[PDB]
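So the structure is just underneath, and the comments pick up after that.
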Amino acid sequence: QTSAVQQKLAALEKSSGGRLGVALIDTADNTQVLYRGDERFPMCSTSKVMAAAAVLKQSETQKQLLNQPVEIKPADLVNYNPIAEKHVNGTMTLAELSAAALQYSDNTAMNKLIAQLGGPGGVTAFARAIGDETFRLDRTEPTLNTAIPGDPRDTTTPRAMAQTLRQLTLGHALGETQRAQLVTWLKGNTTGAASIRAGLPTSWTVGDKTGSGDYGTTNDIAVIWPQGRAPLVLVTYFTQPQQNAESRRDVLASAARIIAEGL
Ligand SMILES: O=C(Nc1cccc(-c2nn[nH]n2)c1)c1cc(C(F)(F)F)cc2[nH]cnc12
Ligand SMILES: O=C(Nc1cccc(-c2nn[nH]n2)c1)c1cc(C(F)(F)F)cc2[nH]cnc12
């Protein structure tokens with residue numbers, strides 16, 4: 001079947017010229033709303049959630065792991081380093097690196113998380129351990145954002161990412177204090193006001209992680225606490241045919257508004 005919500009998301013997509021993927025989980029009832037829910041999309045920096053969560057899982061058996069210093073050398077800086085560049089020739093703790101990756105989208109910080117996990121495959125291994133058979137991380141920053149159409153590297157599906165985000169933030173994939181820490185980090189994101197949250201009523205609380213890449217790829221994944229409702233999890237992924245395409249956070253906002261209006 002095709003629902004009224006799906007039909008509106010298709011109209012949005014058609015007007016945008018790109019390819020839109022949406023997955024909602026309403027924890028009011030566990031119901032799901034999907035649009036291209038089983039198609040693959042480049043995750044870009046939305047993958048930083050899985051990396052940070054994998055480090056939080058490691059921390060469950062090492063009380064001091066999040067306090068552990070990691071050297072930042074000049075050669076570690078990549079293409080977007082707002083926090084890490086201030087610590088070159090110094091150190092950042094794994095907590096600081098997690099916060100920087102999630103809340104500022106720092107790519108050097110993400111690479112330190114990936115390295116703590118033994119490389120991209122360590123992030124994938126964590127995904128598998130928490131029941132996500134779809135996610136794959138294949139490369140480090142910045143090349144994981146090439147977002148080439150048809151390339152399976154560094155992709156997931158909306159369905160899989162929504163399920164995983166639910167399990168991490170609302171379920172029991174992490175221990176209690178780790179789940180709370182992940183939620184605190186997502187709620188304190190600096191980069192999200194133009195994306196999913198811009199499509200939702202202002203009284204709703206959002207924690208999210210954005211991403212973007214080549215092919216005008218523009219993404220957001222969010223855990224949402226609506227006014228008067230149980231929490232929602234919402235993934236919005238968007239990618240375009242042209243390598244040089246402009247980002248389109250407004251399309252993500254529009255998708256979120258359709259979803260909200262359909263509840
Ligand atoms: O920093 C960003 N993009 C970036 C960084 C490094 C390099 C390149 C790049 N490399 N080749 N072309 N562009 C692009 C960024 C972009 C976006 C947007 F609008 F969605 F596109 C939102 C953001 N919020 C926080 N940071 C961002
Ligand atoms: O790294 C990149 N973008 C970036 C960096 C940091 C943060 C964010 C971001 N966070 N939340 N939204 N966007 C995005 C990027 C990289 C590359 C490449 F070639 F693969 F290396 C091409 C790009 N075209 C547009 N952006 C990129």
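As a basis for the values below, the full set of heavy atoms in this structure was taken, side chains included, without hydrogen atoms, waters or symmetry mates. When a ligand or atom number is given, it counts from 1 through the structure's own listing order. Numbers here are sequence positions counted from 1.
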Counting both backbone and side chain atoms, is some N or O of [X] under 3.5 Å from an N or O of ligand 2?
{"X": "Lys48", "answer": "no"}
{"X": "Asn145", "answer": "yes"}
{"X": "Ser105", "answer": "yes"}
{"X": "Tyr80", "answer": "no"}

Closest protein heavy atom (residue, atom, distance) for [atom]:
{"atom": "atom 19 (F) of ligand 1", "answer": "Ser247 OG, 3.3 Å"}
{"atom": "atom 5 (C) of ligand 2", "answer": "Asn107 ND2, 3.3 Å"}
{"atom": "atom 23 (C) of ligand 1", "answer": "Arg249 NH1, 4.7 Å"}

Protein heavy atoms: any of them under 4.0 Å from [atom]?
{"atom": "atom 11 (N) of ligand 1", "value": "no"}
{"atom": "atom 27 (C) of ligand 1", "value": "no"}
{"atom": "atom 14 (C) of ligand 1", "value": "no"}

Do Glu133 and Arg128 meet the salt-bridge criterion of a basic N to acidic O distance under 4.0 Å?
-> yes
Are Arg36 and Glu13 close enough for a salt bridge, meaning some N to O gap below 4.0 Å?
-> yes
Relative to [atom], which among [options] owns the nearest non-hydrogen atom?
{"atom": "atom 16 (C) of ligand 1", "options": "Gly213, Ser212, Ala194", "answer": "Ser212"}
{"atom": "atom 24 (N) of ligand 2", "options": "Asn79, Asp214, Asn244, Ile148", "answer": "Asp214"}
{"atom": "atom 8 (C) of ligand 2", "options": "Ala101, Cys44, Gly192, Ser45", "answer": "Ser45"}

Is the side chain of [X] donor-acceptor paired with the backbone N or O of [Y] at a distance under 3.5 Å, no angle test?
{"X": "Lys57", "Y": "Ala173", "value": "yes"}
{"X": "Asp106", "Y": "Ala100", "value": "no"}
{"X": "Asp138", "Y": "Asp154", "value": "yes"}
{"X": "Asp26", "Y": "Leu232", "value": "no"}
{"X": "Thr218", "Y": "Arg248", "value": "yes"}

Atoms in ligand 2 flagged as close to [X], the criterion being non-hydrogen separation under 4.0 Å:
{"X": "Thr146", "value": "20 (F)"}
{"X": "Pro142", "value": "16 (C), 18 (C), 20 (F), 21 (F)"}
{"X": "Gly211", "value": "11 (N), 12 (N), 13 (N)"}

Any side-chain donor near an acceptor of the partner, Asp214 and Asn145, under 3.5 Å |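 No pair is found: no donor N or O on one side chain lies under 3.5 Å from an acceptor on the other.
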Verdict with reasoning, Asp151 to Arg40, per salt bridge (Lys or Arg N to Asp or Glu O under 4.0 Å) = CA-CA 9 Å; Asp151 185 351; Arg40 281 184 179 279; over 6 Å; no
Stepwise salt bridge (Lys or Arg N to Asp or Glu O under 4.0 Å) test for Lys8 and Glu261 | CA-CA 11 Å; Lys8 291 181 178 78; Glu261 289 176 343; over 6 Å; no
